[PDB]
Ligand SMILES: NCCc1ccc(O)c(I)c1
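Shown below, as structure tokens, is a lone chain in the form deposited without 4-(2-aminoethyl)-2-iodophenol (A1CRA); questions about how it binds or moves come after it.
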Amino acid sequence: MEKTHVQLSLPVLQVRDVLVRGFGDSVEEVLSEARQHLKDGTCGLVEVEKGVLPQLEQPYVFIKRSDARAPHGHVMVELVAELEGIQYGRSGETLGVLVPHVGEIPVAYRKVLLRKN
């Protein structure tokens, strides 16, 4: 059975390498697909810097810090989607935007403890 949180190590991708620049076409779909790719080990993370979001496809799926005081290095996170400037969920600081991973070479791995909600 699925625990409330799962430890994952996500490949961190540079935005210009990403081949599939979002998870879908509605908030509900992107959240659903992100969660599936996270379970399958086929989800990457792009760190948000100036110029990143316009190079990715909306709706966006962010991982945001959900909790403080981070077990074994994995930051606790939850998913929040964004479309047209409106966010679906509320949480803490953004760690990055999730994208499909289809074999791109990462620059780093990001350890997270993901809330499965």
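All residue numbers refer to positions in the sequence shown, first residue = 1.
Omitted from view is the form solved in complex with 4-(2-aminoethyl)-2-iodophenol (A1CRA), to which the following refers.
Mapping the unseen interface onto this chain, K111 falls outside it, with no heavy atom inside 4.5 Å of 4-(2-aminoethyl)-2-iodophenol (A1CRA) in the entry with it bound. Contact annotation: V75 falls outside 4.5 Å of 4-(2-aminoethyl)-2-iodophenol (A1CRA) in the entry with it bound, judged by heavy atom distances. In the entry with it bound, at least one heavy atom of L38 sits within 4.5 Å of 4-(2-aminoethyl)-2-iodophenol (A1CRA). Using a 4.5 Å cut-off on any heavy atom, the residues of 4-27 that reach 4-(2-aminoethyl)-2-iodophenol (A1CRA) in the entry with it bound are, in sequence order, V6, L8.
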